[PDB]
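Here's the structure we're looking at; comments come further down.
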Amino acid sequence: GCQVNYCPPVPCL
Amino acid sequence: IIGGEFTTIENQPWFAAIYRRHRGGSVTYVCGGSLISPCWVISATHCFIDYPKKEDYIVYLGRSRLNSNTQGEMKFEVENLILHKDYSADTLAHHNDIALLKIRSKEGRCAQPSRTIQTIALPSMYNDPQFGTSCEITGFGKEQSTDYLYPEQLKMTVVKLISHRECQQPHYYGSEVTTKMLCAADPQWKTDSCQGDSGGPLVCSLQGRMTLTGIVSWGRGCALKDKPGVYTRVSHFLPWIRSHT
Ligand SMILES: *CC(=O)Nc1cc(NC(=O)C*)cc(NC(=O)C*)c1
């Protein structure tokens with residue numbers, strides 16, 4: 001998933 | 001990398017591209033890293049902490065593109081994956097975000113230096129670059145936070161080091177940054193690391209020498225006002241590095 005990232009997820013365009 | 005330029009591996013010959021193979025055989029990009037000696041790549045622990053099985057990883061050196069080949073590139077298995085025992089994170093900051101990968105060719109060898117494959121010098125805890133210094137960051141990370149896909153080619157940009165005092169202000173990162181981290185950003189907040197750039201090098205020129213000053217670790221965003229990129233401060237982990245290499 002996206003619990004570990006560089007930075008909090010941003011919705012895609 | 002937000003902003004900056006496309007680059008080629010000649011301009012960053014220590015850059016290591018790290019991929020992971022999945023159960024069914026598909027291979028995805030994980031993170032950047034830096035070659036610090038022929039057998040050792042240094043990266044960030046958060047890149048691997050959810051999937052720490054070394055056999056799944058593929059490391060390339062001499063590679064300028066994400067899914068096409070570069071003449072002179074060399075491919076490696078990971079013989080040892082070493083994560084920092086005191087790694088921790090909250091919902092934003094990563095602490096002790098540093099990792100070592102011992103690399104091994106199909107043929108049982110370490111890297112052979114070339115024009116496109118070179119080690120980068122480690123820093124010294126006595127030789128810090130001062131705040132306001134310009135340093136280079138490199139990686140295959142997103143060109144925008146809203147991009148689903150990574151770029152097909154390596155990018156690089158320039159950011160300026162920000163003092164700990166400044167980065168610890170409430171309107172920057174307050175208590176989330178420590179003396180084992182370095183902040184860096186564009187004065188106008190238009191170029192930065194982003195998702196996919198983690199583990200990659202922050203390189204500063206000290207006495208004319210390219211030196212590994214930081215490892216891309218975390219940020220609140222990508223090119224975001226009053227929210228710098230945050231890097232593991234390599235000079236504060238020299239004992240850890242020497243113990244494990
Ligand atoms: C796991 C994952 O998809 N993470 C992810 C993180 C970011 N972070 C920032 O941009 C700060 C962005 C995205 N964006 C997209 O996938 C569109 C994903």
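To be explicit about the labels: the chains of the structure tokens are called A, B, and onward in the order shown, and within each one the residues are counted from 1, while ligands get numbers from 1 in the order they are shown.
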### Query
Neighbours of range 200-208 of chain B within 6 Å (only C-alpha atoms; same-chain residues fewer than 6 positions away dropped), as a VMD selection string?
chain B and resid 32 to 33 135 to 137 214 to 216
Take the residues that were just selected and, keeping C-alpha atoms, output them as a compact mmCIF listing (two decimals), in the first residue's frame.
```txt
# COMPACT_ATOMS: atom_id res chain seq x y z
CA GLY B 32 17.87 5.09 -5.61
CA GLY B 33 21.17 4.45 -3.88
CA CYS B 135 24.02 20.51 -3.68
CA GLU B 136 22.85 18.09 -6.39
CA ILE B 137 20.05 15.52 -6.04
CA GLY B 214 22.75 13.15 2.33
CA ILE B 215 20.43 10.30 1.43
CA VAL B 216 16.93 11.25 0.22
```
### Query
Excluding same-chain residues fewer than 2 positions from residue 9 in chain A, what lies within 12 Å of it counting only C-alpha atoms, as a list in words?
residues 1, 2, 3, 4, 5, 6, 7, 11 and 12 of chain A; 91, 92, 142, 144, 145, 146, 147, 148, 194, 195, 196, 219, 220, 221 and 222 of chain B
Output of the above residues as a compact mmCIF listing (two decimals), in the first residue's frame, restricted to C-alpha atoms:
```txt
# COMPACT_ATOMS: atom_id res chain seq x y z
CA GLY A 1 0.00 0.00 0.00
CA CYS A 2 1.06 3.58 0.66
CA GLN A 3 1.81 3.68 4.39
CA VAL A 4 5.54 3.99 3.66
CA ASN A 5 6.52 6.77 1.24
CA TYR A 6 8.92 9.62 0.69
CA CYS A 7 5.90 11.89 1.23
CA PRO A 11 -4.22 11.88 -5.85
CA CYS A 12 -3.10 11.24 -9.43
CA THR B 91 3.18 9.49 9.68
CA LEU B 92 5.74 11.96 8.27
CA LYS B 142 8.06 11.41 -9.95
CA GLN B 144 4.99 15.74 -10.22
CA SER B 145 3.24 14.47 -7.06
CA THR B 146 0.20 13.86 -9.30
CA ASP B 147 2.09 11.68 -11.84
CA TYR B 148 1.19 8.01 -11.67
CA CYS B 194 9.79 13.43 -4.78
CA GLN B 195 8.33 9.94 -4.36
CA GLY B 196 10.73 7.49 -6.05
CA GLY B 219 9.25 15.35 3.03
CA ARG B 220 5.71 16.59 3.56
CA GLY B 221 5.40 16.97 -0.21
CA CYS B 222 7.37 17.72 -3.36
```
### Query
What gap, in Å, lies between CA of residue 36 in chain B and CA of residue 180 in chain B?
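Distance between the two atoms: 19.3 Å.
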Shell of 8 Å around range 157-172 of chain B, only C-alpha atoms, local chain residues under 5 positions omitted, as a PDB file with C-alpha atoms, in the first residue's frame:
```
ATOM      1  CA  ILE B   1      12.660  14.922  -9.147  1.00  0.00           C
ATOM      2  CA  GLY B   3      11.944  20.441 -12.005  1.00  0.00           C
ATOM      3  CA  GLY B   4      15.632  20.216 -12.851  1.00  0.00           C
ATOM      4  CA  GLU B   5      16.796  18.404 -15.995  1.00  0.00           C
ATOM      5  CA  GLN B 130      27.636  25.320   5.568  1.00  0.00           C
ATOM      6  CA  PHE B 131      23.945  26.217   5.233  1.00  0.00           C
ATOM      7  CA  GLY B 132      23.151  27.947   1.927  1.00  0.00           C
ATOM      8  CA  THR B 133      25.501  25.633  -0.023  1.00  0.00           C
ATOM      9  CA  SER B 134      24.116  24.300  -3.318  1.00  0.00           C
ATOM     10  CA  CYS B 135      24.022  20.506  -3.682  1.00  0.00           C
ATOM     11  CA  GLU B 136      22.845  18.092  -6.393  1.00  0.00           C
ATOM     12  CA  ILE B 137      20.048  15.519  -6.041  1.00  0.00           C
ATOM     13  CA  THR B 138      19.476  12.718  -8.562  1.00  0.00           C
ATOM     14  CA  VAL B 177      13.822  17.113  12.190  1.00  0.00           C
ATOM     15  CA  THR B 178      16.892  16.149  14.179  1.00  0.00           C
ATOM     16  CA  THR B 179      20.639  16.778  13.986  1.00  0.00           C
ATOM     17  CA  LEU B 182      19.626  17.657   6.736  1.00  0.00           C
ATOM     18  CA  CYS B 183      17.020  19.894   5.143  1.00  0.00           C
ATOM     19  CA  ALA B 184      17.447  21.224   1.606  1.00  0.00           C
ATOM     20  CA  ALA B 185      15.193  23.067  -0.791  1.00  0.00           C
ATOM     21  CA  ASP B 186      14.853  25.475  -3.647  1.00  0.00           C
ATOM     22  CA  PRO B 187      14.605  29.081  -2.363  1.00  0.00           C
ATOM     23  CA  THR B 191      12.440  21.998  -7.544  1.00  0.00           C
ATOM     24  CA  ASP B 192      12.799  19.109  -5.067  1.00  0.00           C
ATOM     25  CA  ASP B 226       8.101  25.921   3.898  1.00  0.00           C
ATOM     26  CA  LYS B 227       8.446  22.126   3.669  1.00  0.00           C
ATOM     27  CA  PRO B 228      11.999  21.217   2.584  1.00  0.00           C
TER      28      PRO B 228
END
```
### Message
Residues near residue 245 in chain B, anyone? I mean within 12 Å using only C-alpha atoms, not counting same-chain ones fewer than 2 positions away, as JSON, numbers by chain.
### Response
{"B": [36, 37, 38, 39, 40, 41, 42, 80, 81, 82, 99, 100, 101, 102, 103, 238, 239, 240, 241, 242, 243]}
### Task
Return the single residue from B:224, B:212, B:16, B:230 that is closest to ligand 1, with distances computed using only C-alpha atoms and all ligand atoms.
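With only C-alpha atoms and all ligand atoms as the atom set, the closest residue is B:224.
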### Query
Closest to ligand 1 among B:210, B:59, B:117, B:149, using only C-alpha atoms and all ligand atoms?
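The shortest atom-to-atom distance to ligand 1 comes from B:149.
Across B:113, B:84, B:30, B:190, the tightest approach to chain A is made by B:30 when counting only C-alpha atoms.
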### Task
Select, from B:126, B:51, B:15, B:189, the residue with the minimum atom-to-atom distance to chain A, counting only C-alpha atoms.
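With only C-alpha atoms as the atom set, the closest residue is B:51.
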